[PDB]
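Note sheet for the following structure.
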Protein chains: 2
Amino acid sequence: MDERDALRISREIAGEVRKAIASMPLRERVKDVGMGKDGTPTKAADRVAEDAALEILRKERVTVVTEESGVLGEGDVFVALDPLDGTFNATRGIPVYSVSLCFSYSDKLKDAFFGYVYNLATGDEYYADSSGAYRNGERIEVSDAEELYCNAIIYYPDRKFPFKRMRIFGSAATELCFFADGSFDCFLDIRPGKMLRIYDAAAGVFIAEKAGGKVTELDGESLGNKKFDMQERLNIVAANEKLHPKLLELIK
Amino acid sequence: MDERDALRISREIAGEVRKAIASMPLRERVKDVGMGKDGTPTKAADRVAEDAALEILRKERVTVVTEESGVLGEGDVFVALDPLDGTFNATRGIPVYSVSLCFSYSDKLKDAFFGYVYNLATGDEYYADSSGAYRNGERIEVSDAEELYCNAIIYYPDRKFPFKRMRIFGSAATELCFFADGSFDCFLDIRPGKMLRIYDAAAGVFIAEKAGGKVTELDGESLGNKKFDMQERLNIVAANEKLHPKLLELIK
Ligand SMILES: O=P([O-])([O-])O[C@@H]1[C@H](O)[C@H](O)[C@@H](O)[C@H](O)[C@H]1O
Ligand SMILES: O=P([O-])([O-])O[C@@H]1[C@H](O)[C@H](O)[C@@H](O)[C@H](O)[C@H]1O
Ligand SMILES: [Ca+2]
Ligand SMILES: [Ca+2]
Ligand SMILES: [Ca+2]
Ligand SMILES: [Ca+2]
């Protein structure tokens, strides 16, 4: 299965999902539909989003790990998918919530060949493959801000940082794409509770990688080990090559 | 002048400035076109939207307090104006930025008689008159649980909080409407080195209060006798009556 397969496939889910959510009223969006396979509740929006993706991913020889219903599939290709990363905003009318998909051969991130995040509010498309990282087509790349005094996304500010700006938009998959497109110089989820799963960073992380930004874990150990599994958790420190180090040191 | 004209005038300015920025590519958006009369530099998206905004207000008998052109016109009626709140977003294509407008029968916040916030990204409309606060033509109210374990907007987390969620979206006018909505449980701008100006907040402040909100300065002092000029600087703590005291002590 080509990257062109993954892209073609990915382009279908986003649209299917988009109008499934779009048609959905905020009132019929926030109600809970049960308990997804990862411990967290499940809103209607959640269900509707995942179904539309599964119905298409379903026809592909792929094993999928996803929030609402753990593992599914069998294929020799794995998908770390999130129908709706940023469910709080979506149920709020806040226009920052996306579809996340990452395509890999093996069980682990290291063998992933395609990244794709789609903002379902705006219709903004984020993707990456061997060719590169794009947003709405135009080629992107992380920023070259070399100063700790810079624009940042931080989960969560706990001390007093030397940041020019600090934002928190509530959709890790999308904000990693904000880091990816140079709109932001560093992504940071140093949350002690290590409350970040694979179907969250998977897609985002990989586009960031393509866009030219170094991305690892709290200490610096890569994300490679990471598995398309329901137990996997993580923290992230993302920045170009001249920022990541200093950004590490600053959180000791 | 009454709250019907303010709406009608505001609705027009919302149309033109919307037209203005939308057709305008991002490249130009980020363009430095000189310095504004307040320090915070003027970029093309700024200039483009003030221009559009000013072009309408000025043919009314009012004194305008705007970001770039300082104070303008004459009239017992005052208008605090943020022609583009969330410039950084507007420049990067992050769909949170608005046009903020507050009208008062005095230069005093306390005499405000109309408030208005328009998401230039989603065409989402917030306003507040004598009848109540509304969002896209619907009546909003603030949220209601006194538990600190709530959903907060806070500029900036310097310590450790008992909040369920912390978001910073970079447009205080709209964010104060996010609070006024129900979307977020509390708004807080406790930054010591104060940076909120009358125009970024007087509208939100006014829509939130009609929303059922309690906005006061850091110390719980009302924002009533707050002046419309390029010197005022604010700190804000907004929430329902019940959780407001709590937040004071929390950040006490
Ligand atoms: O809640 P969700 O919308 O499914 O996804 C959330 C977003 O990625 C958020 O940015 C992150 O910090 C949270 O940990 C995730 O749970
Ligand atoms: O610059 P501007 O976009 O007009 O207004 C800014 C926004 O309201 C932002 O939320 C706030 O944190 C800044 O302090 C303001 O300067
Ligand atoms: Ca999700
Ligand atoms: Ca998620
Ligand atoms: Ca402005
Ligand atoms: Ca402003």
Side-chain angles (χ1 to χ4, degrees), chain A residues 17 21 29 33 36-50 53 65-70 80-91 96-102 117 120 155 169-176 189 195-204 230 232-234, chain B residues 13 17 20-21 29 36-54 64-70 80-91 96-102 117-118 120 170-174 195-204 230:
Chain A
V17 174
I21 288 331
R29 272 196 222 183
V33 298
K37 214 151 124 193
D38 80 332
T40 109
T42 298
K43 311 253 156 214
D46 283 331
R47 212 67 109 197
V48 159
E50 194 195 51
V65 44
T66 127
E67 199 170 290
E68 319 315 309
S69 77
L81 163 90
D82 196 339
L84 178 63
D85 194 48
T87 281
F88 181 83
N89 301 327
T91 59
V96 178
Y97 53 91
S98 310
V99 198
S100 203
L101 287 136
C102 184
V117 182
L120 297 167
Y155 281 99
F169 296 99
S171 159
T174 311
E175 335 198 22
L176 271 151
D189 189 349
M195 320 192 247
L196 210 64
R197 307 180 139 226
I198 185 38
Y199 38 85
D200 264 328
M230 236 40 195
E232 194 66 316
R233 311 236 199 125
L234 58 151
Chain B
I13 314 190
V17 168
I21 304 285
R29 280 208 209 190
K37 273 341 156 69
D38 98 313
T40 53
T42 322
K43 326 210 139 216
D46 293 319
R47 186 70 127 108
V48 165
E50 197 178 56
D51 281 339
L54 274 213
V64 163
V65 199
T66 195
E67 195 154 335
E68 255 73 42
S69 327
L81 177 73
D82 204 343
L84 176 69
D85 181 68
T87 308
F88 185 91
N89 291 350
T91 67
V96 193
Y97 45 89
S98 315
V99 55
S100 193
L101 275 86
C102 195
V117 185
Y118 191 90
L120 307 171
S171 153
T174 310
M195 296 273 169
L196 249 49
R197 300 281 195 182
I198 185 36
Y199 27 85
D200 295 333
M230 233 120 56

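So you know, we letter chains A, B, ... as the sequences are listed, proteins then strands, and number each from 1. In listed order, ligands and their atoms are each counted from 1.
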N, O or S from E50(B) under 3.0 Å to the Ca ion (ligand 5)
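No - counting backbone and side chain alike, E50(B) has no N, O or S atom under 3.0 Å.
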Are any of the side-chain heavy atoms of [X] and [Y] separated by less than 4.5 Å?
| X | Y | result |
| --- | --- | --- |
| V33(A) | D46(A) | no |
| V17(B) | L84(B) | no |
| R29(A) | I21(A) | yes |
| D38(A) | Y199(A) | yes |

Please name the atom of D200(A), limited to N, O or S, that comes nearest to the Ca ion (ligand 4).
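Within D200(A), restricted to N, O or S, the Ca ion (ligand 4) is closest to atom OD1.
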Output the atom name for the N/O/S atom of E67(B) with the smallest distance to the Ca ion (ligand 5).
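This residue's closest N, O or S atom turns out to be OE1.
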For the pair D85(B) (side chain) and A172(B) (backbone), establish whether a donor and an acceptor sit closer than 3.5 Å, ignoring hydrogens and angles.
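Pair found, side chain donor or acceptor close to backbone of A172(B).
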To the nearest 10°, what's the angle at the Ca ion (ligand 3) between atoms O (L84(A)) and OD1 (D82(A))?
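The O/OD1 angle about the Ca ion (ligand 3) sits at 70°.
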N/O/S atom of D85(A) under 3.0 Å from the Ca ion (ligand 3), yes or no?
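No N, O or S atom of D85(A) is closer than 3.0 Å to the Ca ion (ligand 3), so no.
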